[PDB]
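Okay, so we've got the same protein chain twice, two forms, each given alone as structure tokens, structure 1 and structure 2.
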Structure 1
């Protein structure tokens, strides 16, 4: 029977990897990585996280089945981290998931469960995995303009014009912050206008909050999400702990369902629990327990925020340096967007030809859409990348 199976395409993160490894050049650089790496090219385990694991190893006495939709400590801590004081426990349903991707997949299953004729609007461009999951589910996908290739900023007028076509019951996927892959983000004022269009259309917003803490700060990064949450009755939020907690492989995510009333909340919470049951019964415990422990233990929460802040500031300085280098070389402020972008990613706006030419002549690797990871940069690699960009005529 298994012979009838249609061949499925590989990730692609590995094809780029195999090519990079095969390159015999001593000065080759990899800006295609999708995770944070420090100065030494390593992805460390955050201090507070290692502290939580030592703590868990000494206090945990059992590993019996726990909470179906997650542990209360985790659900509450995550809700407070994302929504702050605006958290309305009475109308908020929460579900621990297998990473942010699991939260996204579940959000989609939940929405389709409530609205079979669901259509989803995604940004142009967006995290490729969004479309993949949606295509796999058979969901109708619609695109809304977002990245302005020329200014490398947000084409807001276009975004607004396209979103205006959304009908009641449709879902609009928004990146809460640090837009992957572009790095171009909405201002709080633009968020406010988006809220108006959403109220008008009656479209359900799904916020992908995977980088809270890498933009302008923990609270700052959740600002857009909190505005949407307070002005829109029903809101779906799929959060990730992979990057901001540095526990990628542990698979710790969270799905928040903001409902108009408690009756609906019980309905949503029950359906979410049912969704976990029919997929894998219970969600992973380890990562979630690390998170709730860090968040509930003052000493740890403190050290964690301090390490995240150091990380954010470090990347922000890398941006400033690159932008300055490019300013000095270009004799213009065209590349200023690099210092305006937020997150660990940025789309340079180079064409595939320019991308290939950069690799061949300078040994610098990056995603085919010209997306680079700022964390993979440093004092020694910045001058090289800058010169490369100018030389290939970007």
Structure 2
């Protein structure tokens, strides 16, 4: 039986972990001055508090715990959370939220298609391929200006049919780092409303862009216009609990009836996949969010991280500027999030990794959190050496 198993292609981004004066600029995890991904202060305190308060580990809720569901809703939608018409499902990380999102939509529309950005998180297409869902792309990254080809994007999206799903990154677009402004978001909402396409928002970096509330701005605008929208959130990065596997799927419906319908299907979806969702991570998140003292320090630490990385981009761009006398790499300072695509070709990037020992994702995607004052000039020189 098993001998008939066909070999499968690995995760190229995760492969870099294996492929690693080495400079790690691959996998999207935050790193500090000394190349460490620390546990946030609030998270540690949450765990300590949990170690004392929990008296049992019996089966809990199939859709996650109410405290988590509520906390997460308010974090993402703020005061735009109409719980009466919102369904929530605790999933195994943001990735689980996406898979669960695709399954839910496919249940309501066997003939659904998914539109993804050119380019997008490869794992998006991987999952869709596995499920056998037709994937179409829309123009997004303007290769020349390193910005967003808004004209192209609006053009392709206008071709989506009712029942189709459009996958938008809430903010901090992985892998480009190029993001839409709120004005562009309003226009996109105009298109979606007219096309009847279901918006699927992948929110994995709320807090690394421009701030907790600012990064959720776009998602809130869509939710305020479009009567039905899906949001897949990840607590992996903004809470630094990557290995805990915690996120959630939010299903915004047009009315309570549909909400009860969706919520039912979402719970059933967990039951048939792995039964209950993991408790530990969801608990840390709600504990932090519902405890004023814990929330205050978390926001602060996330702010320091976010502001610190902002500083790094400016340095890197400046370094390169002084090393070329050209505003070419200006896009680095404009980009927002953890990543930024240098625009280097596959031949160049490979040369860099083998000789310079600096490993970045094949499409020239660099994790700016992997840089620091010591490595910045080295990277600048390394890319200056060839092309760019």
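Whichever C-alpha set is largest while still superposing within 1.5 Å between the two forms counts as the rigid core. Residue numbers count along the first chain shown, from 1.
Q: Once the rigid core is superposed, exactly one of 359, 55, 37, 47 has its CA displaced by 2 Å or more between structures 1 and 2; which residue is that?
A: That would be 359.
Q: Keeping the rigid core superposed, can you check how far the CA atom of residue 332 moves between structures 1 and 2, in angstrom?
A: Displacement of the alpha carbon, after core fit: 1.3 Å.
Q: Once both forms sit on the same core, give the Cα displacement of residue 229 between structures 1 and 2 in angstrom.
A: So the C-alpha of residue 229 has moved 0.3 Å between structures 1 and 2.
Q: Superposing on the core, what C-alpha displacement does residue 11 show between structures 1 and 2, in angstrom?
A: Its C-alpha shift, to one decimal, is 2.2 Å.
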